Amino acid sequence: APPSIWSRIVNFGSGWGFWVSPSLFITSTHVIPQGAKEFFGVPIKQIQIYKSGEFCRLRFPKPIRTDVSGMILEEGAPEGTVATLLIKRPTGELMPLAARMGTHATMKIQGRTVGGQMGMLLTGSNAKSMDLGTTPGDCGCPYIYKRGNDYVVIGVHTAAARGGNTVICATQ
């Protein structure tokens, strides 16, 4: 994917999040650190926080990433869409993982109940290795697809099955 996209993926608590716009940031609820006072300098109470499932969406009172143009964010992709999960790792590896997007669904995973738009990685037979598939620290990395000339953000990675291939894109 373009570099204008990858620079939007910064660290956030125990994973990642993504600057949709200068003002608008998405991540996984399970990566948000417990009772911080502040996010990106701004105090918690001045941020508009929206949560649906494990999907989290911060809108800041002033612009923070003046460098990025605003993207399209949608409530998931059409069923069957091949999307990319844009994984960053701590040592700066960029790992675009192709995923066929399924329907909204609920699973028990990593000892808990999750929902969102389900997907399968198109990365191998059994993407259990972090060479081929996700790792717990990838939570909050974004799912994007190209619709003609626009890039569309559909949400963030929040969980993966033990099988390696099945994954949840938290949405809305």
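Don't overthink the numbering: it's just position in the shown sequence, from 1.
Note on 144-152 vs 12-20: mean CA B-factor is higher in 144-152. In this entry, the higher average B-factor at the C-alpha atoms falls on 30-38, of the pair 30-38 and 112-120. Among all modelled residues in its chain, residue 72 ranks in the highest third by Cα B-factor. In the PDB entry, residue 103 places in the middle third of its chain by CA B-factor. When all modelled residues of the chain are sorted by CA temperature factor, residue 169 is found within the lowest third. In the deposited entry, the Cα temperature factor of residue 66 places it in the highest third of its chain's modelled residues.
Residue 53: CA B factor lies in the middle third for its chain, per the PDB record.
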